[PDB]
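Sequential numbering from 1 along the given sequence is applied to the chain's residues. The analysis underlying the following values was restricted to heavy atoms, covering all of them including side chains, and did not include hydrogens, waters or symmetry mates.
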Amino acid sequence: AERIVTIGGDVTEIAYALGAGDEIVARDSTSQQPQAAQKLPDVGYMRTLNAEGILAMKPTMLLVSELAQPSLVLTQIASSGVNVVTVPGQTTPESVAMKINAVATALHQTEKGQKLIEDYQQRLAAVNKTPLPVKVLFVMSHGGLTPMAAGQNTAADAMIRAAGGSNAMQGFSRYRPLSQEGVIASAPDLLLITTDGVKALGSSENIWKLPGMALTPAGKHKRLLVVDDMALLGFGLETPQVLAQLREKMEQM
Ligand SMILES: [Br-]
Ligand SMILES: [Br-]
Ligand SMILES: [Br-]
């Protein structure tokens with residue numbers, strides 16, 4: 001009897017996993033999993049929401065990532081009588097269980113949430129996170145906006161560390177434009193990028209034309225790992241599988 005709008009691909013996938021599929025009426029553009037979600041109306045991008053697009057779906061509940069913007073839109077939706085449930089957005093392996101908890105509590109499925117958490121925790125524990133001497137550079141890019149490198153306090157940094165690797169970029173937080181000297185000094189062994197990042201550059205071969213990139217170990221061997229954006233950076237249920245693959249890629253080298 002509820003009508004749920006879910007915002008954040010991590011959140012949507014969790015809500016489906018807890019059995020709420022029948023009640024989900026719309027989602028945001030970052031929500032493409034499971035495949036059923038793709039058939040639902042799309043209310044806008046998580047970071048550029050508008051109230052009308054959500055209210056048009058006549059929701060009773062909005063399950064929304066803390067990463068959603070603008071915050072004013074959430075306030076407007078709550079004022080309209082919709083139950084707005086914020087889901088934690090911390091980009092850490094500990095955070096996934098808190099996300100499951102938040103959604104399970106809202107859906108009155110605490111028991112199923114506890115089981116999903118137990119499973120996630122065991123899958124995460126099984127990934128080898130012991131340090132490996134491999135440096136990874138993550139590049140974030142847009143359709144025409146300057147390509148950037150991720151430093152600390154980013155989702156990409158957290159994933160690299162959780163797989164036992166080292167971020168090639170050190171000493172700054174969030175993102176900085178790529179420079180030839182900084183990229184060369186960072187000397188990454190592996191280039192990590194999302195599918196949308198490749199789309200913005202046009203092709204994978206354009207990665208190797210970025211500043212300094214051809215003059216790094218990664219560039220010398222065109223060593224790369226391209227991952228779906230929400231799987232790589234979203235900190236959802238598939239986080240252990242992504243970490244296991246990142247670990248394997250670092251090991252094979
Ligand atoms: Br977004
Ligand atoms: Br990131
Ligand atoms: Br490769």
Side-chain angles (χ1 to χ4, degrees), residues 7-11 28-31 44-49 64-74 86-96 98-99 129 131 134-201 206-207 209-213 215-216 218-219 224-236 238-239 242-243 246 249-250:
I7 303 296
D10 51 335
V11 178
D28 73 304
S29 312
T30 75
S31 291
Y45 297 92
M46 172 169 75
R47 295 184 176 88
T48 61
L49 297 174
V64 51
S65 181
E66 292 181 349
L67 302 182
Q69 301 179 57
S71 64
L72 177 57
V73 166
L74 299 200
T86 301
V87 179
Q90 285 74 31
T91 53
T92 66
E94 297 79 359
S95 184
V96 180
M98 305 308 292
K99 297 184 187 186
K129 71 185 174 174
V134 175
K135 293 172 178 178
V136 184
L137 173 59
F138 177 78
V139 166
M140 178 194 69
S141 69
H142 295 70
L145 294 188
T146 187
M148 324 266 288
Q152 280 68 69
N153 299 296
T154 60
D157 185 82
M159 293 294 284
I160 292 161
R161 284 187 290 102
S166 291
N167 195 340
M169 297 282 166
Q170 292 293 326
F172 67 92
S173 291
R174 309 302 292 159
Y175 314 93
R176 286 178 172 186
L178 302 180
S179 70
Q180 174 171 307
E181 300 90 0
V183 166
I184 293 171
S186 78
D189 300 303
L190 174 67
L191 193 284
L192 183 65
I193 192 169
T194 67
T195 52
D196 280 355
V198 175
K199 185 174 182 191
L201 297 177
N206 290 340
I207 295 167
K209 301 190 176 185
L210 289 171
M213 205 65 71
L215 295 167
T216 63
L224 90 178
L225 177 58
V226 186
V227 189
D228 170 64
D229 300 67
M230 286 300 300
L232 182 65
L233 302 174
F235 279 89
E238 300 176 3
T239 296
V242 175
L243 291 171
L246 175 55
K249 184 67 173 181
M250 291 187 305

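A heavy-atom distance below 4.5 Å is found between the side chains of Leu210 and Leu201. Residues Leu192 and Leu232 are in side-chain contact: their nearest non-hydrogen atoms beyond the backbone lie under 4.5 Å apart. Residues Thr194 and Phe138 have side chains in contact (heavy-atom distance under 4.5 Å, counting atoms from C-beta outward). Using a 4.5 Å cut-off on side-chain heavy atoms (C-beta onward), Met159 and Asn167 make no contact. In this structure, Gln69 and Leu49 have side chains that are not in contact, with every pair of non-hydrogen atoms separated by 4.5 Å or more.
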Show the numbers, then the answer: is there a side-chain contact (heavy atoms from CB on, under 4.5 Å) between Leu178 and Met148? CA-CA 5 Å; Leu178 302 180; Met148 324 266 288; 5.8 Å; no
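Of all non-hydrogen atoms in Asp157 and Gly151, the two that sit nearest each other are CB-O, 3.3 Å. Annotation for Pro93 and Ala162: closest pair CG-CB, 4.0 Å, computed over non-hydrogen atoms. Heavy-atom minimum distance, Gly89 versus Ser95: C-OG, 4.4 Å. The shortest non-hydrogen separation linking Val183 to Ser186 is O-OG, 2.8 Å. Residues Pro147 and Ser141 share a closest heavy-atom pair of CA-CB, 4.4 Å. Between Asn153 and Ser173, the closest heavy-atom pair is ND2-OG, 2.8 Å.
From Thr91, atom OG1 reaches atom CG of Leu233 across 9.0 Å, with rounding to the nearest 0.5 Å. Atom CE of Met230 is separated from atom OG of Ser31 by 6.5 Å, given to the nearest 0.5 angstrom. A distance of 12.0 Å separates CD1 in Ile7 from CG in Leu67, rounded to the nearest 0.5 Å. For the atom pair OG (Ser166) and CG (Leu137), the distance works out to 13.0 Å, reported to the nearest 0.5 Å. Between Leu243 atom CG and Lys129 atom NZ the span is 11.0 Å, to the nearest 0.5 Å. Atom CG of residue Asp196 and atom CE of residue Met140 lie 12.0 Å apart, to the nearest 0.5 angstrom.
A side-chain donor-acceptor contact under 3.5 Å links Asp189 to the backbone of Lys135. Side-chain atoms of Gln152 come within 3.5 Å of backbone atoms of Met169 as a donor-acceptor pair (strictly under, hydrogens ignored). A donor-acceptor pair under 3.5 Å is absent between the side-chain atoms of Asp28 and the main chain of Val64, judged by distance alone. In this structure, the side chain of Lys99 engages the main chain of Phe235 through a donor-acceptor pair within 3.5 Å. With hydrogens and angles ignored, the 3.5 Å screen pairs no side-chain donor or acceptor of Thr216 with any backbone N or O of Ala187. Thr86 places no side-chain N or O within donor-acceptor distance of the main-chain N or O of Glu66, the cut-off being under 3.5 Å.
For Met98, the CE atom counts as loosely surrounded, since its 6.0 Å shell holds 12 or fewer non-hydrogen atoms of other residues, nucleotides or ligands. Applying the 6.0 Å contact sphere to CZ of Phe172 captures more than 12 heavy atoms from other residues, nucleotides or ligands.
Just one of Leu224, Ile207, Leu191 meets the side chain to side chain contact (heavy atoms under 4.5 Å, CB included) condition when paired with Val139; it is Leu191.
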